[PDB]
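> For now just these chains, pulled out of the complex without moving them:
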Amino acid sequence: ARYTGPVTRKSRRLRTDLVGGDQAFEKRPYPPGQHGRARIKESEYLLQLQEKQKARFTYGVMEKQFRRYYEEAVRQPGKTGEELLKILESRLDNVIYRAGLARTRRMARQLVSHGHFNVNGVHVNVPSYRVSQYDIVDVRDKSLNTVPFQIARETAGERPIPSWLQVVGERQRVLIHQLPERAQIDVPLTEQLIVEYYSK
């Protein structure tokens, strides 16, 4: 399922601007509710829970699905926070976001959901399609000459392209050189606290 609710309210409580830029946030950067102004209690469980609540509502992933991502991140060799966002950055609606073919995280999900993208000439409509190395992500034939797609042609400058993917020109097709390691991830969250949450 999907949350489909107020996006500022679950960015006030976590005390971090989740969606990129907000004027509703930073007018009230304190948590919501009628008791929203009093100070909080510094618990060790709260600092590990609200670090995982960052990673869910940043990406729009539910708890039974996000828990499965931990179960294989802890199982691959290397580290655990490194491979948690590695299999989270490679979701298709996150690839469409970082390529600049949308504005927010929710609209980058409907464009994958409502059938506006092929990958290898294969009509996908799943948001959690994990791309791999060398996966071209093309765009449909009917998807051109449409209002919410050619808004993403003259707005190709205000956010940078990460070093692991590469967008090309008038054919909007996203090419993946390798999986993102650590440094080309946008970081609003620290990664050694989700790992310490599921070990409880």
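Looks like it came in fine. Numbers count the residues shown, from 1 in each chain, chains lettered A, B, ... in the order given.

> Residue A:103: neighbour count?
18 (other Cβ atoms under 10 Å). Any C-beta I mention is one placed from the backbone N, CA and C, and that applies to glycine too.

> can you give me the strands for chain A?
Counting by DSSP state E, chain A has strands at residues A:117-118, A:123-124, A:165-167, A:174-176.

> measure the nearest residue to residue A:124 once chain neighbours are set aside to residue A:55 for me?
Distance criterion Cβ to Cβ, 6 or more residues apart in numbering; nearest residue to residue A:124, sequence neighbours excluded, is residue A:117 at 6.0 Å. In this structure, residue A:117 and residue A:55 are 24 Å apart, going by Cβ to Cβ, to the nearest Å.

> now residue A:97
15 Å.

> Between those two, which has more neighbouring residues?
Per other Cβ under 10 Å, whichever of residue A:97 and residue A:55 has more neighbours is residue A:97, with 23 against 20.

> gap between the residue nearest to residue A:124 and residue A:38?
46 Å.

> Over to residue A:191?
30 Å.

> who's in contact with the residue nearest in space to the middle of chain A?
Nearest residue to the geometric centre of chain A (Cα atoms, centre = their mean): residue A:59, 3.7 Å. Residues counted as contacts of residue A:59 (Cβ atoms under 8 Å, 6 or more residues apart in numbering) are A:88, A:91, A:94, A:105.

> same thing but 7 Å
A:88, A:91, A:94 (Cβ atoms under 7 Å, 6 or more residues apart in numbering).

> Could you give me the PyMOL selection string for whichever of those are buried?
PyMOL command restricting the contacts of residue A:59 to the buried ones, with burial defined by 16 or more other Cβ atoms under 10 Å:
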select buried, chain A and resi 88+91+94
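
> extra chain here, label it chain B:
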Amino acid sequence: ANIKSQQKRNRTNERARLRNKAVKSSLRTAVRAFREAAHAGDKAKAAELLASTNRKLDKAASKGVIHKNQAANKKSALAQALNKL
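The block that follows adds chain B to the chains above:
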């Protein structure tokens, strides 16, 4: 019985029972007449009922009445019961 091919086979089992009962019962008398000859100590009839009892044991083994290993057990017992005399 209920299946059509089991009423058919209940009759063919009863013929083969009456057929095998008569053949096996003939071997018990032909063994006995050798026993009543060799225990008396003749060496004359027992040497010529050994040839006729062993010849019936081989014929029942080819008619599918006793087994070929059963014929070989009873012939070796009676032939060794001749050489004791």
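
> ok chain B is loaded, check the neighbour count of residue A:103 again?
18 (other Cβ atoms under 10 Å in any protein chain shown).

> And the one 5 residues further on, by the same measure?
Other residues within reach of residue A:108 by the criterion other Cβ under 10 Å amount to 24.

> before we move on, what about residue A:100?
20.

> Could you measure from it over to residue B:36?
114 Å.

> OK, contacts around the residue nearest the centre of chain B?
Taking Cα atoms, centre = their mean, the centroid of chain B lies closest to residue B:27, which sits 3.2 Å from it. The contact partners of residue B:27, by Cβ atoms under 7 Å, 6 or more residues apart in numbering or on different chains, come to B:56, B:57, B:60.

> In the chain, spot the helix with the most residues.
Looking at chain A here, since you left the chain open. Under DSSP state H, the helix in chain A containing the largest number of residues is helix A:44-59.

> looking at chain B here, not the other one
helix B:4-38.

> who's in contact with residue 37?
If you meant another chain, say so; for now it's chain A. With Cβ under 7 Å, 6+ apart, residue A:37 has these contacts: residue A:30.

> could you do chain B instead?
B:45, B:46, B:49.

> Which of those lies at the shortest distance from residue A:14?
residue B:49 (109.9 Å; Cβ to Cβ).

> give me the number of residues near residue B:84?
By other Cβ under 10 Å, neighbour count at residue B:84 equals 7.

> Can you verify it is assigned to a strand?
No: with DSSP: H, G, I helix; E, B strand; the rest coil as the criterion, residue B:84 is assigned coil and is not in a strand.

> For it, which non-adjacent residue is closest in space?
Leaving aside its chain neighbours, residue B:84 sits nearest to residue B:38 (7.9 Å; criterion: Cβ to Cβ, 6 or more residues apart in numbering or on different chains).

> mind adding chain C? sequence follows:
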Amino acid sequence: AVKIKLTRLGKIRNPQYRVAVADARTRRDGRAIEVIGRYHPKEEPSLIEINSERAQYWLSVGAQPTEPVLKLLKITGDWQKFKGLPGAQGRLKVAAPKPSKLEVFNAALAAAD
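Chain C goes in next, on the same frame as the chains above:
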């Protein structure tokens, strides 16, 4: 008798088969004596492999193939080389090699630049 048969072990609508030297008095997915190949009747040609030096062992000692396995041993040339037929070569056809994951990716670079 000893039957060379097929064993259904895929998903619900995807019948991936194996080729198993089994016994006649045995259900499909029982103990095989030697699994010697697989048969996948969902690809565009199909996917057929027979070991071809152990299928020559079981045919030379008395195994009886079932009627879709008899079609398969004629395709891979293992039936004909046991009898003495002229068709001892393989009339089996494999799928065409699609352009791989790297060669299409590099060709999409030079088409945009």
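
> ok chain C is loaded, check the contacts of residue A:59 again?
Taking Cβ under 7 Å, 6+ apart, one finds A:88, A:91, A:94 in contact with residue A:59.

> same check, this time on residue C:72
Here residue C:72 is in contact with C:39, C:48, C:50 (Cβ under 7 Å, 6+ apart).

> near chain A, which residues of chain C?
C:101, C:102, C:105, C:108, C:112 (Cβ under 7 Å from any Cβ of the partner chain).

> re the thing from before, let me have the contacts of residue A:59 in a markdown table, extended by distance to chain C.
Converted to a markdown table, these look like this (distance: Cβ to the nearest Cβ, whole Å):
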| residue | distance to chain C |
| --- | --- |
| A:88 | 23 |
| A:91 | 20 |
| A:94 | 20 |
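
> of all those residues, which comes closest to residue A:125?
Nearest to residue A:125 among the contacts of residue A:59, with distances taken as Cβ to Cβ, is residue A:91, at 13.7 Å.

> and the residues of chain C next to chain A, which are buried?
C:105, C:108 (16 or more other Cβ atoms under 10 Å in any protein chain shown).

> quick one: the strands in chain C?
Counting by DSSP E, the strands of chain C are C:2-8, C:17-23, C:34-40, C:47-50, C:64-65.

> winner for burial among those?
Of the strands of chain C, the one with the most neighbours on average (mean count of other Cβ atoms under 10 Å in any protein chain shown) is strand C:17-23, at a mean of 21.

> what's the angle from that strand to strand C:2-8?
Taking axes from the mean of the first three to the mean of the last three Cα atoms, to 10 degrees, one finds strand C:17-23 and strand C:2-8 inclined to each other by 150 degrees.

> residue closest to the middle of chain C?
residue C:48 (2.7 Å).

> Report the beta-bridge partners for residue C:38.
Beta bridges link residue C:38 to residue C:18, residue C:49, judged by DSSP bridges.
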